[PDB]
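Novice: Take a look and give me a structure for this.
(one chain, ligands or ions: 1)
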Amino acid sequence: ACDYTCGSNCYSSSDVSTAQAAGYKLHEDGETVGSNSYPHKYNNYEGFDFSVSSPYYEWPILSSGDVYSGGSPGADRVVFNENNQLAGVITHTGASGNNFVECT
Ligand SMILES: Nc1nc2c(ncn2[C@@H]2O[C@H](CO)[C@@H](O)[C@H]2OP(=O)(O)O)c(=O)[nH]1
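Specialist: Residues are numbered from 1 along each chain as shown. There you are, the coordinates:
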């Protein structure tokens, strides 16, 4: 099947894990990439049902499979906390404005 379905993109367990690990590491080293400085704090304005503690950080997960390196981030994001716990996988696809919806 598809573990995480973002809009029309499909990500597996290891895809999310690989992306999350990349973002978490940059977070640890205080590093960011891209015009929007990823990874950066995700305040959860959407009020998603996160079962892990804040603070949260969003990081792009690419449909292609490459680890984000500051280029075009696309619409999908993995969200993790300081414990490197996956808070969830969200996307701009299906949402209005600069809002998000959870990939299912
Ligand atoms: N939609 C949304 N934007 C957030 C959230 N937390 C931080 N932001 C940031 O707040 C601003 C307005 O939405 C943007 O800079 C956005 O960054 P991103 O565009 O990288 O998501 C959140 O929970 N939801």
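
Novice: can you confirm residue 87 is in a helix?
Specialist: No. Going by DSSP: H, G, I helix; E, B strand; the rest coil, the assignment for residue 87 is strand, not a helix.

Novice: And it, how close does it get to residue 70?
Specialist: 23 Å (CB to CB, to the nearest Å). For every residue, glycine as well, the C-beta is placed using N, CA and C.

Novice: For those two, indicate the residue with more neighbours.
Specialist: residue 87 (24 against 13; other CB atoms under 10 Å).

Novice: show me the contacts for the more buried one.
Specialist: If you count contacts by CB atoms under 8 Å, 6 or more residues apart in numbering, residue 87 has them with 42, 48, 50, 52, 56, 79-81.

Novice: Residue 102 now?
Specialist: Contacts of residue 102 by CB under 8 Å, 6+ apart are 48, 88-91.

Novice: Chain neighbours aside, what residue packs nearest to residue 82?
Specialist: residue 55 (6.4 Å; CB to CB, 6 or more residues apart in numbering).

Novice: That'll do, ta.
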